[PDB]
Structure formats: structure tokens, C-alpha cells
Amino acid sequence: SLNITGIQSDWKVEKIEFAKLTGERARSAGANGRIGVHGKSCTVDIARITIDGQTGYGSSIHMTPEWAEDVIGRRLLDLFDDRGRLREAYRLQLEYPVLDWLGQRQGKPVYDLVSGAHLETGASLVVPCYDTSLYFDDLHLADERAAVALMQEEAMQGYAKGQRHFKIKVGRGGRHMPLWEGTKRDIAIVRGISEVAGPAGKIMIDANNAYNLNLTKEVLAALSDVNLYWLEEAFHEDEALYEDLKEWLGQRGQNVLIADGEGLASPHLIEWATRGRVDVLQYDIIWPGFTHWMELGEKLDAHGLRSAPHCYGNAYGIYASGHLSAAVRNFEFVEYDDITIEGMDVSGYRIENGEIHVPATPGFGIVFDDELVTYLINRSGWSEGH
């Protein structure tokens, strides 16, 4: 719900520029339930848009130079819905540099533009987040007691930077380790980090589909004392099996929410959530993205369902995610991964008390190095202009 009234029909997309910014993760990410080592290396595709002689910056995907050629000249006021929402056709490619621009021009943070009546203007935005960096980093260790320590120490690194909530990767038995040994190792790791997290610490687990329903039940029973907040993708989403699991957790009065949605989602996932089998929805912050999320969040709140936008692989989305919490009431967490992108200043954001602090600086509050971006655009990227 952007405000198209302040927008003039004079304002025109004048130049689109593309660059892939690169970085490192603070600590290398290992394997998950289904695939191998993730690594330390990170990249982000960013577009730089010029309207009315002012530059916007932001994430951009599925945009080839020929996509850009076509959009040049167009009125900014044209790419928007009647209700003040970027048209679908431009959503992935330009939604982020466009929104950034809007804030830059208006001298306002994007979250103020998209504001709900649940939050108020002048009041700071501080959003809960969680540490998502706990991968299968123990697979070189035969000694279960060693593995726990390594995982606890990784968690302490996050605790030291202000993280108080932890998503722990599970499903070691699915592919990478013998099923039983792996499964046991999954439990001992979660038990291990749960100490290191303390009692107020929220623990999430994510199996990246490496379980079935009896494995999940076996795992959850071995964690009934752990402050388990949610359980993410125990197996690919199936209503019947989740209907069996909610009722199972109900019997035992064990309060774990069920989260799902990332990747190639079941096209009936939402409906399954409205029939009460999935509590938390996890579509990616880049794809389908911000504008979709804004539309989706609303429906989700009407149903008293929860919004947890997936984010991993793209640092930029962490910061975007935070802004979205202003447009959705039942927003859950910012999926935080500690990454440093060259040319991408995020120091205006702060991590404290298991919470992310969103700056009042215009747009998405990220300061990009105009120069190195211009250096990268020229070196390996591209430009389209009049």
C-alpha cells in the first residue's frame, strides 16, 4: 500500500543498471538434510534505477539487458497497481530498487511507506530475528560428544553477536550419515545448543525434508523439554501427515508450530494452512518477493496464520524482511545469516537481544558505495539508458 498521490506523471525510469555484489559469510556453512556443503562465499544481484534524477538501489532477479531496454522511458506511476502496488510484471526485477527510490525521494524508511495500523510513525522498528547458520558442520567428527561442542561453540559465536534464537539443521540420517546414528546425532546437537541458548532461547529445527512422520515423532519426543518453537520441513508438505502430527502434538500438549513453504511449494500449501495443518508460512523474500508478501501477509492475518519469510543465499533479503514486518501483524522472525557484502553498508541495522533494529534512514536504509557499484556495473554488469 504505497502512496501514489505524491508521485508525479513526470517521473520516468531513465536508466537501469545491474551489478553482482560479492561477499563472505562470517562462518562457512556445511551441509543440510538434502544437499552438500554450502560454503562461505556469497553474492547478490542488485539493480540501480534512476527516476527523476535520483538513484534507487535494490535486489533484482530474472532481468536480462533486453528486459531493461523495454522499461526505459516508462512512467514510474505506470508500473504501479491502482492500489499502489508494483505490477507483477516488474516485481522480481525492480520492486526493490523502486521502493528504495520512493523512500530516498520522500526521505522516509520503506517500512513507513508500507505501514500498518499495528505500528505507528515516529516509533522505532525492532523486529525479532533468529540465527539460521547452524548447518551440519559436524560431519567430520565420529565422536558425538565432540560434535555437540563444535555446534555449541558455533551457537556461542551467534550469542556473542546478539542472537538469542536458533534454527538448528537436522536430518543428518536422511542422506549424509547412517540413518540411526545420524538421527541420534540430530537430537544430541539440539539438546546441546538448547543448553547454550538458555531457557528464554527459541529453538527451531529444520530437517530440509530428511524425515518421515515416524522419524519426526521420534525426534520431537526426544525434545519435549526443549523450548522448541517450530519444526520446519520435516518432510515435503502433505496435509494428511501434518493433520496426523498436529493432533499427535495436541495429545501430548507439546507446543511446536509447523513451518513450511520455501523451495518448490505444494500449490495447496495455503489452504492446508487455513484448515489448520501448517501454522507458519515460509515463501522466499526475493521470490515471490516483497509485493507478493504484502498481499499474502494480509490474507494470512485474516486467518490468524503466521508469516516467516524464508531467506538464505541473499544477504539483502534479511534487511528487506525486517521492513516487511511493518506490513504484516503476525510476522514471525527475520531469518538472519551474518554476511558481509563489499559495497553494501548495513551498519544502520543492529542486532540485540535476539532482535534486529531497523534504521530510520530513507528507503531500505542500506548505504551502497555508488563508486564500486559503478566499477562493477562496468566490469561485469551492464546499463540501459536514453
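Each residue number is its position in the shown sequence, starting from 1.
A.B. asks: Note whether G116 lacks coordinates in a third or more of the other compared entries that model its flanking residues.
C.D. replies: Across the compared entries, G116 is left out in at least a third.
A.B. asks: 171 to 179 versus 275 to 283: which one carries the higher mean Cα B factor per the record?
C.D. replies: Looking at the record's C-alpha B-factors, the answer is 275 to 283.
A.B. asks: Look over 289 to 297 and 181 to 189 in the entry and identify the one with the greater average Cα temperature factor.
C.D. replies: Between 289 to 297 and 181 to 189, it is 289 to 297.
A.B. asks: Of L141, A200, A308, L220, which one's C-alpha B factor is largest in the deposited record?
C.D. replies: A200 has the highest C-alpha B-factor of those listed.
A.B. asks: According to the deposited entry, which of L245, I258, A155, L94 has the largest Cα B-factor?
C.D. replies: Comparing C-alpha B-factors across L245, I258, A155, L94, the maximum falls on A155.
A.B. asks: For the chain shown, is the CA B-factor of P65 in the lowest, middle or highest third of its modelled residues?
C.D. replies: It falls in the middle third of the chain.
A.B. asks: Lowest, middle or highest third: which one holds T132 when the chain's residues are ordered by CA B-factor from the entry?
C.D. replies: Middle third, going by the recorded CA B-factors of the chain.
A.B. asks: Using the B-factor values recorded in the entry, state whether the Cα atom of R34 falls in the lowest, middle or highest third among the modelled residues of its chain.
C.D. replies: Lowest third - that is where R34 ends up once the chain's C-alpha B-factors are sorted.
A.B. asks: Where does the C-alpha B-factor of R87 rank in its chain, lowest, middle or highest third?
C.D. replies: Highest third, going by the recorded CA B-factors of the chain.
A.B. asks: Lowest, middle or highest third of the chain for the C-alpha temperature factor of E371?
C.D. replies: Middle third, going by the recorded CA B-factors of the chain.
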